[PDB]
2 protein chains.
Amino acid sequence: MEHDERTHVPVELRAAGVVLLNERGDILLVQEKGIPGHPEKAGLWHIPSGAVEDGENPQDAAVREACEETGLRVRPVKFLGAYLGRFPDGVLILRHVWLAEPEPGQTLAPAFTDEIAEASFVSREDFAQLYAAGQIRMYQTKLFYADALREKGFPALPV
Amino acid sequence: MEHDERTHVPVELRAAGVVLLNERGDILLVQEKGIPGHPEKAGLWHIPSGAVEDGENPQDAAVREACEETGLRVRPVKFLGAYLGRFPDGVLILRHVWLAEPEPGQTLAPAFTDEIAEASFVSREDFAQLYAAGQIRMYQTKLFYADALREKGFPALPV
Ligand SMILES: Nc1ncnc2c1ncn2[C@@H]1O[C@H](COP(=O)(O)OP(=O)(O)OP(=O)(O)O)[C@@H](O)[C@H]1O
Ligand SMILES: Nc1ncnc2c1ncn2[C@@H]1O[C@H](COP(=O)(O)OP(=O)(O)OP(=O)(O)O)[C@@H](O)[C@H]1O
Ligand SMILES: [Mg+2]
Ligand SMILES: [Mg+2]
Ligand SMILES: [Mg+2]
Ligand SMILES: [Mg+2]
Ligand SMILES: [Mg+2]
Ligand SMILES: [Mg+2]
């Protein structure tokens, strides 16, 4: 919108994920297999998310990725936000996040790969511990988890 | 998700709007209060959108802006996409777009301001003429309109 000129900033990559909360306000997180190189790794945690195919709807991608990584069919409830990152080579990536809910009567069955060690529901209290411990890959996860808790009417994160 | 390092690219401004279609697949557009040119304003057209307050939900902003500019209460149906622009001074603006539908039993009553001349529903055929005529401010409007038509199962656009 509106008549103030601006140039286009091409975004080569797009990712879409979800902040999936269960009835208790626990968050579904995915753990990386291990850290790249040093000690005997111990992967960090992040929200279920993946690449949006070129031209495909980001919201649908978030739903698809969530199922592919956790085995759970989820329903997008509300868009929470998108943020921008830039890889060393200059490539831009726009990450999208939706507040989602799992369809009823499902069993968590993560897709173990060279990138995913497992996935699981983590309570607000333990999430606070993970965050303080530097175990949450992207700090934005805490920001969006907080947004989701507010949206659903759940208690805020202790830390 | 990912362990590949990337830097943060701050986005100072956020806008949110809608591709609002009625039952016939006509699109709701807003016209500028004349473009500055030579003797002639003749306003360009764009979808209803507006600024997202810092910290406010983008989706809710799209709904709010749509009502403020057209007088119509709309519901958000599905996220369509977001794209990035950069003003001459370097400021980045991320525009968000949702497919939306108006609540039933409403009357179009545009908010006339120094920025808005009027707003109205335009058919697919006339939209194509407007686009060919260079009267659509942001070409992305055509891209998203086409996305919306596909999502709703409406026939495609002549432009
Ligand atoms: N220009 C680039 N330079 C360096 N690495 C890149 C670039 N583009 C993408 N990546 C690599 O490709 C993958 C980027 O992720 P992609 O957008 O495909 O999906 P995603 O896993 O949902 O998002 P994220 O990039 O965090 O993995 C990165 O994990 C990284 O290894
Ligand atoms: N740093 C900046 N430098 C120059 N112009 C700016 C800057 N920030 C915002 N603008 C102008 O502000 C307006 C955007 O305001 P806002 O985000 O509220 O609504 P918008 O319609 O979504 O944005 P825009 O009209 O810019 O696409 C535009 O007219 C744009 O040119
Ligand atoms: Mg994938
Ligand atoms: Mg990608
Ligand atoms: Mg991802
Ligand atoms: Mg706008
Ligand atoms: Mg406004
Ligand atoms: Mg703004």
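So you know, we letter chains A, B, ... as the sequences are listed, proteins then strands, and number each from 1. Worth knowing before you read on, the calculation uses all heavy atoms, side chains too, and leaves out hydrogens, waters and symmetry mates.
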query = Would you say the side chain of A:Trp45 lies within less than 4.5 Å of the side chain of A:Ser120, judging by non-hydrogen atoms?
reply = yes
Single-linkage hydrophobic cluster, 4.5 Å side-chain cutoff, B:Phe121 and B:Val30 together = no
inquiry  = Between A:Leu20 and A:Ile27, is there a side-chain heavy-atom distance shorter than 4.5 Å?
reply    = no
inquiry  = Any non-hydrogen side-chain atom of B:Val97 less than 4.5 Å from a side-chain atom of B:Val19?
reply    = yes
task = Compare all side-chain heavy atoms of A:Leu108 with those of A:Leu72 and state whether any distance is below 4.5 angstrom.
result = yes
inquiry  = Taking B:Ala66's backbone N and O only, do any of them form a donor-acceptor pair with B:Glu68's side chain (distance below 3.5 Å, no angle check)?
reply    = no
ask   = Is the backbone of A:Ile93 close enough, under 3.5 Å, to the side chain of A:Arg95 for a donor and an acceptor to pair up by distance?
value = no
ask   = Are the side chain of B:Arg6 and the backbone N or O of A:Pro88 linked by a donor-acceptor pair below 3.5 Å?
value = no
key: Electrostatic pair A:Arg14:A:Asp54 at N-O distance under 4.0 angstrom   = no
Rounded distance [0.5 Å steps], OH in A:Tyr139 versus NE2 in B:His8 = 4.5 Å
In one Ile/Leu/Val/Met/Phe/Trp/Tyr side-chain cluster, 4.5 Å: B:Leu28, B:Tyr131 = no
ask   = Do other residues, nucleotides or ligands put more than 12 heavy atoms under 6.0 Å from A:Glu5 CD?
value = no
request  = Consider only side-chain N and O atoms of B:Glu32 and B:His46, and report whether a donor and an acceptor are under 3.5 Å apart.
outcome  = no
ask   = Shortest non-hydrogen contact from B:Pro158 to B:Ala128?
value = C-CB, 3.4 Å
query = Are the side chain of A:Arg137 and the backbone of A:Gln135 linked by a donor-acceptor contact shorter than 3.5 Å?
reply = no
ask   = Under 6.0 Å from the NZ atom of B:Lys33, do we count more than 12 heavy atoms belonging to anything else shown?
value = yes
key: Intermediate values then yes/no, side-chain contact (heavy atoms from CB on, under 4.5 Å), A:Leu92 and A:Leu13   = CA-CA 6 Å; A:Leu92 287 177; A:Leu13 300 175; over 6 Å; no
task = Please determine if A:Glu151 and A:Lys78 form a salt bridge, counting it only when a charged side-chain N lies under 4.0 Å from a carboxylate O.
result = yes
inquiry  = Please find the pair of heavy atoms, one from A:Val9 and one from B:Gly85, that lie closest to each other, and give the distance.
reply    = CG2-C, 3.8 Å
message = Donor-acceptor pair, distance only, cut-off 3.5 Å: does the side chain of B:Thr70 make one with the backbone of B:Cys67?
response = no
ask   = CZ/B:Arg75 to CG/B:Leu99 distance, rounded to the nearest 0.5 angstrom?
value = 9.0 Å
request  = Decide side-chain contact (heavy atoms from CB on, under 4.5 Å) for B:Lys142 and B:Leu157; before the verdict, give the C-alpha distance in whole Å, the side-chain angles of both, and the deciding distance to 0.1 Å.
outcome  = CA-CA 9 Å; B:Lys142 177 172 177 178; B:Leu157 309 134; 4.2 Å; yes
ask   = According to the interplanar angle, ranging from 0 to 90°, do the rings of A:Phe79 and B:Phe79 count as parallel (below 30°), tilted (30 to 60°) or perpendicular (above 60°)?
value = parallel
query = Are B:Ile136 and B:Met138 joined in one hydrophobic group, where the rule is that I, L, V, M, F, W and Y side chains link up if heavy atoms are under 4.5 Å apart?
reply = yes
inquiry  = Counting C-beta onward and ignoring hydrogens, is there a side-chain heavy-atom pair between B:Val11 and A:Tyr83 closer than 4.5 Å?
reply    = no
Side-chain donor/acceptor of A:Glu65 to backbone N/O of A:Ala62, under 3.5 Å = no
key: Atom CD of B:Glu53: over 12 foreign heavy atoms under 6.0 Å   = yes
Sidechain-backbone polar pair: B:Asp60 side chain, B:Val63 backbone, donor-acceptor under 3.5 Å = no
query = Which distance, rounded to the nearest 0.5 Å, do you find between the CG of A:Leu29 and the CD of A:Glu118?
reply = 11.0 Å
request  = Give a yes or no on whether A:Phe144 and A:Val18 share a hydrophobic cluster (residues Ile, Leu, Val, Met, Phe, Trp, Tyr; joining criterion: side-chain heavy atoms under 4.5 Å apart).
outcome  = no
message = Give me the atom names and distance for the closest heavy-atom approach of B:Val52 to B:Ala61.
response = CG2-CB, 3.8 Å
Heavy-atom side-chain proximity of B:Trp98 to B:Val74 below 4.5 angstrom = no
task = To the nearest 0.5 Å, tell me how far B:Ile116 CD1 sits from B:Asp114 CG.
result = 10.5 Å
query = CD of B:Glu23: more than 12 outside heavy atoms within 6.0 angstrom?
reply = no
ask   = Under a 4.0 Å N-O cut-off, is there an ion pair linking A:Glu101 with A:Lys152?
value = no
ask   = Between the side chain of A:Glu12 and the main-chain N/O of A:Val91, is any donor-acceptor distance below 3.5 Å?
value = no
key: Heavy-atom donor-acceptor pair, B:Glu69 side chain to B:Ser49 backbone, under 3.5 Å   = yes
key: Separation of B:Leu94 CG from A:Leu94 CG (nearest 0.5 Å)   = 5.5 Å
inquiry  = What I'd like to find out is whether the side chain of A:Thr7 reaches to under 4.5 Å of the side chain of B:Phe87, using heavy atoms alone.
reply    = no
request  = Evaluate the criterion side-chain contact (heavy atoms from CB on, under 4.5 Å) for residue pair A:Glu115 and B:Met1; output intermediate values, then yes/no.
outcome  = CA-CA 10 Å; A:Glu115 293 296 71; B:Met1 95 209 345; over 6 Å; no
request  = Spell out, yes or no, whether B:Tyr145 and B:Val77 are grouped together once hydrophobic residues are joined by side-chain heavy atoms under 4.5 Å, including indirect joins.
outcome  = yes
message = I'd like to know whether A:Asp26 forms a side-chain contact (heavy atoms from CB on, under 4.5 Å) with A:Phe127, so could you lay out the CA-CA distance, the side-chain angles of the two residues, the decisive distance to 0.1 Å, and finally the verdict.
response = CA-CA 9 Å; A:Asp26 303 321; A:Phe127 176 85; over 6 Å; no
key: Main-chain N/O of B:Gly43 paired with B:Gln31 side-chain donor or acceptor, under 3.5 Å   = yes
inquiry  = Within this structure, what is the CG-CG distance for the pair A:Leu149 and A:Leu21, rounded to the nearest 0.5 Å?
reply    = 6.0 Å
request  = Mind jotting down which residue pairs meet the salt bridge (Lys or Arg N to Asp or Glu O under 4.0 Å) criterion with at least one end in residues 80-92 of chain A? Sequence neighbours excluded, please.
outcome  = none
ask   = Do the side chains of A:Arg124 and A:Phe154 get nearer than 4.5 Å, heavy atoms only?
value = yes
